[PDB]
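A.B. asks: The structure under discussion is supplied below as structure tokens; questions concerning it will follow.
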Amino acid sequence: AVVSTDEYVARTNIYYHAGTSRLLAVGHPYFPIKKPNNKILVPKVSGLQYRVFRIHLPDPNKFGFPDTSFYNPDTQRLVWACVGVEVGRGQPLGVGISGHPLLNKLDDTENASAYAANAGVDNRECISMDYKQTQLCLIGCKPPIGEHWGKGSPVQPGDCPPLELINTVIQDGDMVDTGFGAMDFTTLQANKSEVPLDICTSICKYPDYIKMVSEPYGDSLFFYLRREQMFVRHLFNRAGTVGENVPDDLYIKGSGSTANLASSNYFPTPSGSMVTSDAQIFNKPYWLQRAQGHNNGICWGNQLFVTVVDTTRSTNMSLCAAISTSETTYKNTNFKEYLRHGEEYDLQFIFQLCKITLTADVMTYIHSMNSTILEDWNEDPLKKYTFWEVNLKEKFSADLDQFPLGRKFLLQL
Amino acid sequence: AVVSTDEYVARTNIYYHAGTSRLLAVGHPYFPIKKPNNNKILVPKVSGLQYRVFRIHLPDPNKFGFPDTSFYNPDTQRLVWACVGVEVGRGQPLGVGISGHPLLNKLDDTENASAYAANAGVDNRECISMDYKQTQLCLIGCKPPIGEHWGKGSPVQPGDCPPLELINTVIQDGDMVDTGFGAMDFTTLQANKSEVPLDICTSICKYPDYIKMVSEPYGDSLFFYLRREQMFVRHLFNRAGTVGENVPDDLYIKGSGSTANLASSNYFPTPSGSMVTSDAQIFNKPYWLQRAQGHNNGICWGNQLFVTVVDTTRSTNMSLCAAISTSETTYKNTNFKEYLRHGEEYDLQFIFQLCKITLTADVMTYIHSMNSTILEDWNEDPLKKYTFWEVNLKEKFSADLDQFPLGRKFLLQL
Amino acid sequence: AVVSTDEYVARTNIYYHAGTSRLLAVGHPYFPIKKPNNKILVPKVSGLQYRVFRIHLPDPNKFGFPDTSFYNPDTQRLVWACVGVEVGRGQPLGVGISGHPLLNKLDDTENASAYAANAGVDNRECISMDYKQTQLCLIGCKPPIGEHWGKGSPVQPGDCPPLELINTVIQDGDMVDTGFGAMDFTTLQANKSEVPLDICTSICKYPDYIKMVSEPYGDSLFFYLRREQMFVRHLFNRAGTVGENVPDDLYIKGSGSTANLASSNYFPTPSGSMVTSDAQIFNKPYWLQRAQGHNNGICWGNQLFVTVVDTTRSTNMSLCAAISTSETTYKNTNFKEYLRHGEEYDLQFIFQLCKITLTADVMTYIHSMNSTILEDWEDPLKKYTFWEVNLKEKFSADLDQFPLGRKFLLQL
Amino acid sequence: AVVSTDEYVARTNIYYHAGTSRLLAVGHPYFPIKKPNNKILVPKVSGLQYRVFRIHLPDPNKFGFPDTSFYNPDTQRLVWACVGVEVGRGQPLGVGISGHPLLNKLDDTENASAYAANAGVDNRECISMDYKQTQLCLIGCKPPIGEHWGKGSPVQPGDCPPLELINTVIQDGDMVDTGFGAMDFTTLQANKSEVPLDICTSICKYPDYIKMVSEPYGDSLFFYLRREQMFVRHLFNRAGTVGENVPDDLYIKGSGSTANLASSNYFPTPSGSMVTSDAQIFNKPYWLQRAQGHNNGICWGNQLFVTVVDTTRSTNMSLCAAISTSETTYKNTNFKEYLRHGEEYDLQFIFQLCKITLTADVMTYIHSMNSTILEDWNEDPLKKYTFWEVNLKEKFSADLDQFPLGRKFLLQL
């Protein structure tokens, strides 16, 4: 049976403060910019992406403490334990808009309109919408897990793909669900125009809270917060050949214009409503004094993983340049337009040192839980994923009161 | 007089944890698909507005192996389970779904009319869609829940208005919840077949009968219940068919010319659920049934439970399409086929407590009056007429609570 | 000098539970259906009507108690007292719609973008709106007293009717305020097209809380709850000759198309916004453990009056019957449309018995307060129409057996 | 190692009250009225500007106290401490409107709309929008710090300017972020028609809370409230040549009408939603009894800086004047129309006298913190910016009971 860390991990009264300072990212909000080579030139930085920071801590065993009388190195080892965190967001509150120049939309079904689509071969329209609002922060010593609907195990051309639920590690840059569902658009929509431009060739992953919480050791989730909201803004219709005809027992055949049924593939456009300062999750200190799982904040392997989504600062900046200044009158051809998005972060942590007695039972338990720890204490499995590497090896300071999160921690212990 | 369970049922320190990890359903949100040459369904109907009535089977304690049996004397006592905790996980992103009818019976928009409408033709049906009234609920009990709807009552010129009766019946898995058009039996009360959206035009929309369930003398049907719903009118519309009841002359002054003939007066609103938000969630949150409203304080008579869940805050139909030919350079509508699908994810966790009953003469006669089958089972299925999402927990019981999250929460709560 | 009832009404430790069970009503939401005969074939059941129940409690003096050691049956008398109540509502939450096929509406003034053409002979249009949301529950031993602006008495034809604040007794079926004001429409609007179809000939009364509270004995109101909410959805204009010209000093004369002022009689269409379960009043027990007035819950004369308004369950349901079933193609003439509404109620009470000593001071005070109380030891309320509820045979002593009784025992 | 003020500053039980009692500003909401010359006849007063009050206090060492037995002048000095503040606001609540006669706007991408035949060149419309709602009140003994995107380090004409996060001192009259992002429009948008008229040639700055809380001594900020909300009202589209074509991987080529993609530079128009009285920050006393940082309200140099933003009292009033009064019918040409905006402020403070012993270590610490402190105790460096100078040298009063803020303070004791 699994046992809580507090049952075999002794905590000490030594605390440290580590911060990242300003972390900045600027780029296009929809797609990466590159010129003909596949190398990027301006990365894709959007308000609806996951930011998974892989934080590296100094090795406490080899760390140069001012004194070493608080433990016996011959029969004990040291590990860090997170007891406080603060995610700092700097940019002003705002709401960003994304859309597709050729969205697959036939006509508006919410209410009869003056003009209706004339059928034809291509009815795609230029449509944009604001997305579902989200805010989540997961902290753990292992990568988070997400779930999405992808193509299942494998007929005629155009038949409905099999549908399956897949779990995969969330990475930096993975798009969050946006009101169209958590699904693998690239493969489940061969049309390539069902959803806005920034997700039509990407996967929208949603955290697997059930799986992460229910796992035996609770490494993946010490603490987590979430907030979501959305309401339908407009009700639209889809175009294309009908996959399955409506059963003839659900309606009575018409005559004349109504002889042919209109498309019944309805889809709404989400909307985040208001972003307000009272509903914010960030810029506040979260105390991890007691976690849900068995891992009570121990950072096994000298690592942390802070996943953040914040769509309440997703304002894109219109940006224009003039080809020539000789024009005294405005001309559309004379000005080039652009888009950009800026993200600002600042992570503060409070770490409490802990020591572990290496008895036979403890060693066997630690080996069963994860064999890597014992080898460490004397290739990287996670070095196939993209994380925002954050290095704090040279940024530990023991005088807590010198920093704001340190002062807050001291006021409350 | 009827005694509370805690008056003749003794509780113990034995606790257990049972789980139903990752129940999953995928189907079409409006109707079941089936090849014409057969009635067998290739894709079930799985909408976000359906009742999910799980029928949970427990391992009967009387024939359940324990490490110790000193807590009861077998020949003069019988064991039972008592639900002291529950949680209904919901592992999908929040979202709102859309429904509609390609030939909805809508004549005019009577909200901001600017000129008197023209006379209706032979057919005026239009393709219209709308989101539904938001709803959440969770009923837990040892008997199937009871719902209500307005059906065709006991009995006539052809076309006369059907009489209305209030009918009580057992809610089953797959039934439709009221969506803002009232809890009625559309199939029989609307011969038009185009009054309401496509997913309820031939279905009964039931509503739980809280009054009747709570007035139940034994309180079996309802240990614990939650409900939260909201709605507002998005649009105001008109109906097209002829009028069965003319407006009385005394309610208006006769018009002339264009206004000589009255427009239809059968107004109907289109519901709207407004925002779905995380703070107002009912799920992913433990519930302690330590004090039931009725006399039955969570005793699972017959080794059964019934967890009814409705959750329209995670209804997000996902459009997905497949191309007939991939060797295409320009977009063609005829080259793509469009589909709708909907997926639901559940995770039920329970904490059960063992209880024992002394089989004295008074207890035996009282239990016989309560339900004759208890004693007989303590030696055909009556509920073999309904469709429930069967869940089997005979092999899912484990004593160590701290190994599971709900167990850890329960331990911390003591 | 009026003394609280507890100064001469000594309470006991006897409690009873009375419940009406399912009370059901079905009918048309706008007007009563009747053969063009005066008999009503289908009543008018709407979600904006008052439901004024009249509960008849059993005569405690003649009641067959099992024990009578708690009073002297020759120098004392028994009276019922209400200490708990619960109003049960069955149907699902929803919103209804009302409208007039020929409503008096000229223009949409909210966002007018070009000066309108002069009104013709008849500019009436089909328009509907959802009404202001309301909920209330008044309980007392006398019928409630509402108010409305009726036509007073003092005149050239077409002159403005005098206005007066008339005070009357609310009755079962009277329409509640809908957002157009609490006024007598049938006399103050000879147009018969100013307001929707279900109130264009009725009186929309509003409870007179000020007067009912200021009543000396506090009979009319032990306990009351209220909630309302509305906002303007559209800003329309009225049609018809101008009764009172706009003063010349409030504007500068227009020229050309603007030479003739547009109508300046605006009116908004109300909207009740959202109905939610968190804001619900009903399906919750109320404990009448201290009344505002002097009458502290005593049911004089063995009566109660529960007035209920609930516009959060006003869902009208569309029915449709097919004249011919052999049609393979849809035709409008082949289907007849109907509207109906269903209201479901379930009242529950807890009654505590009380006894009163029949001394000289008590006799004279009760006489000066209400003589019929002493007479019982023509019915003045015969004129009015109430939903008569009979609870003489529904009394029981086992409070455990009923849900409200269990809640009362647990909490008190 | 930085020590909080209350370690070397001995507080006393002497309190004073100072206030302005009224402050008015009237001007044009959109732009200053230059004289056709350079003199500004009417300033630019808007509800979306920063109000940075530079408050001057009497020098306590030279102040005329009725008694001086609480300190010895030779070995001690005196300094003011801000223990209370209140920012009054006069005008009624309301919301103002801004717009551009020639805003850059091509289409309405929310829904398929109906438009006139395209002009081809100069597709600019007269558009207006209400701004994002905001409120804030920073109080410190140094001017605040703000952040905005500007033109960064160094190119064919029309290329996208580089972006950079710049920190600059906020000044009176500097505009606040409006929902279009905190950026230097003047240089980042050569079009001069991307945003409304009152920010098309200005810098929208946002307070830099991260820096203003992370500076060591915490002088710039020992109090701050913030309250902001917005939502997207409309979803428009830009007009102009595309600087970055959509990658071909994100869509399928059209034919006929959809041969050429529509503009994909979307922008939303903000909306502050409802201004309400219960959500008000002002007309309410704040007590500065526990500063976040190390400066616990000490006003070094006898100064303060109160920065206030309030967009919930931004009602512009339209005025009209008649060229000639003899006309009997209405004519447009006979009436001129103007706009004006009026602000009202009333600042009240509670000050507590303090004293510092001039020992060796104290003097060295103060010199390291700020050299000028010891010289002041015998040209202006901060007199390079613009501040709404407030002179309270003659407003201090020792009777707290005679003023409303003092009466409120005495209840708190």
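Letters A, B, ... go to the chains of the structure tokens in the order shown; residues in each chain start at 1; ligands are counted from 1 in the same order.
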Compute the set of chain D residues within 8 Å of chain C, using only C-alpha atoms, and express it as a count of residues only.
C.D. replies: 3
A.B. asks: Find the nearest atom pair between each residue of chain B and chain A for residues within 7 Å, count only C-alpha atoms, give distances in Å to one decimal, sort rows by chain and ascending number, and present the table as CSV.
C.D. replies:
```
residue,atom,partner,partner_atom,distance
B:91,CA,A:210,CA,6.4
B:93,CA,A:206,CA,6.6
B:95,CA,A:179,CA,5.8
B:96,CA,A:232,CA,6.9
B:98,CA,A:266,CA,6.3
B:99,CA,A:266,CA,6.9
B:102,CA,A:262,CA,5.7
B:127,CA,A:109,CA,6.2
B:128,CA,A:109,CA,4.8
B:129,CA,A:110,CA,5.6
B:130,CA,A:110,CA,6.5
B:193,CA,A:251,CA,5.8
B:194,CA,A:251,CA,6.3
B:201,CA,A:250,CA,6.9
B:202,CA,A:250,CA,6.8
B:274,CA,A:231,CA,5.7
B:275,CA,A:231,CA,4.5
B:276,CA,A:229,CA,5.5
B:277,CA,A:229,CA,4.3
B:278,CA,A:228,CA,5.3
B:316,CA,A:181,CA,6.3
B:318,CA,A:181,CA,6.3
B:320,CA,A:189,CA,5.1
B:321,CA,A:189,CA,5.0
B:322,CA,A:158,CA,4.6
B:323,CA,A:158,CA,5.0
B:324,CA,A:158,CA,4.5
B:331,CA,A:122,CA,6.7
B:332,CA,A:121,CA,5.4
B:333,CA,A:240,CA,4.6
B:334,CA,A:241,CA,5.6
B:336,CA,A:240,CA,5.7
B:337,CA,A:241,CA,4.7
B:338,CA,A:243,CA,4.9
B:339,CA,A:243,CA,5.2
B:340,CA,A:265,CA,6.8
B:403,CA,A:2,CA,6.9
B:404,CA,A:214,CA,6.7
B:405,CA,A:214,CA,6.3
```
A.B. asks: Just the selected residues (C-alpha atoms), exported as a PDB file, in the first residue's frame, please.
C.D. replies:
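Result file follows (again.pdb):
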```
ATOM      1  CA  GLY B  91     -14.235  14.409 -17.316  1.00  0.00           C
ATOM      2  CA  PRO B  93     -14.552  20.297 -21.135  1.00  0.00           C
ATOM      3  CA  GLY B  95     -19.434  23.626 -23.443  1.00  0.00           C
ATOM      4  CA  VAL B  96     -22.869  24.252 -24.903  1.00  0.00           C
ATOM      5  CA  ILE B  98     -27.088  23.327 -30.355  1.00  0.00           C
ATOM      6  CA  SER B  99     -30.271  21.649 -31.572  1.00  0.00           C
ATOM      7  CA  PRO B 102     -34.798  21.594 -40.663  1.00  0.00           C
ATOM      8  CA  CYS B 127     -34.751  25.708 -40.575  1.00  0.00           C
ATOM      9  CA  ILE B 128     -34.188  27.011 -37.038  1.00  0.00           C
ATOM     10  CA  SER B 129     -31.856  26.075 -34.182  1.00  0.00           C
ATOM     11  CA  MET B 130     -31.589  27.062 -30.533  1.00  0.00           C
ATOM     12  CA  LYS B 193     -44.144  16.438 -35.878  1.00  0.00           C
ATOM     13  CA  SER B 194     -42.378  19.758 -36.519  1.00  0.00           C
ATOM     14  CA  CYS B 201     -39.933  15.865 -31.727  1.00  0.00           C
ATOM     15  CA  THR B 202     -40.752  12.174 -31.121  1.00  0.00           C
ATOM     16  CA  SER B 274     -27.026  31.640 -20.848  1.00  0.00           C
ATOM     17  CA  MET B 275     -23.500  31.169 -19.508  1.00  0.00           C
ATOM     18  CA  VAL B 276     -22.168  27.849 -18.273  1.00  0.00           C
ATOM     19  CA  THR B 277     -19.559  28.570 -15.610  1.00  0.00           C
ATOM     20  CA  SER B 278     -17.262  26.475 -13.446  1.00  0.00           C
ATOM     21  CA  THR B 316     -20.662  19.869 -27.098  1.00  0.00           C
ATOM     22  CA  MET B 318     -18.238  18.023 -32.443  1.00  0.00           C
ATOM     23  CA  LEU B 320     -16.186  15.986 -38.029  1.00  0.00           C
ATOM     24  CA  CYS B 321     -16.006  15.276 -41.744  1.00  0.00           C
ATOM     25  CA  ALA B 322     -14.285  12.908 -44.160  1.00  0.00           C
ATOM     26  CA  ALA B 323     -13.307  13.629 -47.758  1.00  0.00           C
ATOM     27  CA  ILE B 324     -14.410  11.313 -50.555  1.00  0.00           C
ATOM     28  CA  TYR B 331     -12.681  23.107 -52.485  1.00  0.00           C
ATOM     29  CA  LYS B 332     -15.934  21.412 -53.508  1.00  0.00           C
ATOM     30  CA  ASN B 333     -18.947  21.017 -51.241  1.00  0.00           C
ATOM     31  CA  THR B 334     -19.712  17.638 -52.820  1.00  0.00           C
ATOM     32  CA  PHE B 336     -16.856  16.279 -48.107  1.00  0.00           C
ATOM     33  CA  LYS B 337     -19.300  14.457 -45.834  1.00  0.00           C
ATOM     34  CA  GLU B 338     -20.284  16.029 -42.512  1.00  0.00           C
ATOM     35  CA  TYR B 339     -21.077  14.194 -39.271  1.00  0.00           C
ATOM     36  CA  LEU B 340     -22.038  15.003 -35.690  1.00  0.00           C
ATOM     37  CA  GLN B 403      -5.603   4.550  -1.479  1.00  0.00           C
ATOM     38  CA  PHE B 404      -8.449   6.288  -3.349  1.00  0.00           C
ATOM     39  CA  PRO B 405      -9.160  10.042  -3.510  1.00  0.00           C
TER      40      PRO B 405
END
```
A.B. asks: Go ahead and compute the interatomic distance for atom CA of residue 353 of chain B and atom CA of residue 14 of chain B, in Å to one decimal.
C.D. replies: 5.8 Å
A.B. asks: List the spatial neighbours of segment 295-304 of chain D as a list in words - criterion: any atom at most 6 Å away, only C-alpha atoms, same-chain residues fewer than 3 positions off excluded.
C.D. replies: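 Once the adjacent positions are removed, what remains is residues 5, 54, 55, 56, 57, 80, 81, 82, 140, 141, 218, 219 and 291 of chain D.
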A.B. asks: Mind dumping the selected residues with C-alpha atoms as a PDB file, in the first residue's frame?
C.D. replies:
```
ATOM      1  CA  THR D   5      11.462  51.208   8.385  1.00  0.00           C
ATOM      2  CA  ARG D  54       2.895  65.306  -6.607  1.00  0.00           C
ATOM      3  CA  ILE D  55       2.087  66.378  -3.046  1.00  0.00           C
ATOM      4  CA  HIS D  56       4.437  68.630  -1.072  1.00  0.00           C
ATOM      5  CA  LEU D  57       4.461  68.530   2.718  1.00  0.00           C
ATOM      6  CA  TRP D  80       6.093  62.251   7.971  1.00  0.00           C
ATOM      7  CA  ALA D  81       4.299  58.904   7.779  1.00  0.00           C
ATOM      8  CA  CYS D  82       1.125  58.372   5.749  1.00  0.00           C
ATOM      9  CA  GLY D 140       4.026  55.879  -2.844  1.00  0.00           C
ATOM     10  CA  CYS D 141       6.865  58.299  -2.214  1.00  0.00           C
ATOM     11  CA  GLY D 218       9.426  49.390  -1.850  1.00  0.00           C
ATOM     12  CA  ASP D 219       9.378  53.174  -2.129  1.00  0.00           C
ATOM     13  CA  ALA D 291       2.664  48.248   3.861  1.00  0.00           C
TER      14      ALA D 291
END
```
A.B. asks: Starting from chain A, keep only residues with some atom at most 7 Å from an atom of chain D, counting only C-alpha atoms, and report them as a PyMOL selection string.
C.D. replies: chain A and resi 90+92+94-95+97-98+101+126-129+192-193+197+200-201+273-277+315+317+319-323+330-333+335-339+402-404
A.B. asks: Would you give me, as a Markdown table, each residue of chain C having an atom within 7 Å of an atom of chain B, along with its shortest atom pair and that distance in Å to one decimal, using only C-alpha atoms and sorting by chain and residue number?
C.D. replies:
```
| residue | atom | partner | partner_atom | distance |
| --- | --- | --- | --- | --- |
| C:90 | CA | B:211 | CA | 6.9 |
| C:92 | CA | B:207 | CA | 6.8 |
| C:94 | CA | B:180 | CA | 5.8 |
| C:95 | CA | B:233 | CA | 6.9 |
| C:97 | CA | B:268 | CA | 6.3 |
| C:98 | CA | B:267 | CA | 6.9 |
| C:101 | CA | B:263 | CA | 5.7 |
| C:125 | CA | B:116 | CA | 5.5 |
| C:126 | CA | B:110 | CA | 6.0 |
| C:127 | CA | B:110 | CA | 4.8 |
| C:128 | CA | B:111 | CA | 5.8 |
| C:129 | CA | B:111 | CA | 6.9 |
| C:192 | CA | B:252 | CA | 5.5 |
| C:193 | CA | B:252 | CA | 6.3 |
| C:197 | CA | B:251 | CA | 6.9 |
| C:200 | CA | B:251 | CA | 7.0 |
| C:201 | CA | B:251 | CA | 6.8 |
| C:273 | CA | B:232 | CA | 6.1 |
| C:274 | CA | B:232 | CA | 4.7 |
| C:275 | CA | B:230 | CA | 5.6 |
| C:276 | CA | B:230 | CA | 4.3 |
| C:277 | CA | B:228 | CA | 5.6 |
| C:315 | CA | B:182 | CA | 6.2 |
| C:317 | CA | B:182 | CA | 6.2 |
| C:319 | CA | B:190 | CA | 5.4 |
| C:320 | CA | B:190 | CA | 4.6 |
| C:321 | CA | B:159 | CA | 4.6 |
| C:322 | CA | B:159 | CA | 5.1 |
| C:323 | CA | B:159 | CA | 4.4 |
| C:330 | CA | B:123 | CA | 6.9 |
| C:331 | CA | B:122 | CA | 5.3 |
| C:332 | CA | B:241 | CA | 4.6 |
| C:333 | CA | B:242 | CA | 5.8 |
| C:335 | CA | B:241 | CA | 5.5 |
| C:336 | CA | B:242 | CA | 4.9 |
| C:337 | CA | B:243 | CA | 5.4 |
| C:338 | CA | B:244 | CA | 6.1 |
| C:339 | CA | B:266 | CA | 6.9 |
| C:401 | CA | B:217 | CA | 6.9 |
| C:402 | CA | B:215 | CA | 6.9 |
| C:403 | CA | B:215 | CA | 6.7 |
```
A.B. asks: Write out as a PyMOL selection string the residues lying within 8 Å of segment 40-46 of chain D, counting only C-alpha atoms and excluding same-chain residues fewer than 6 positions away.
C.D. replies: chain D and resi 25-34+173+314+341-343
A.B. asks: List the neighbours of residue 310 of chain B out to 12 Å using only C-alpha atoms; skip same-chain residues closer than 4 positions along the sequence, and give me the result as a PyMOL selection string.
C.D. replies: chain B and resi 47-54+88+90+134-139+171-179+206-208+225-229+282-283+314-315+344+346
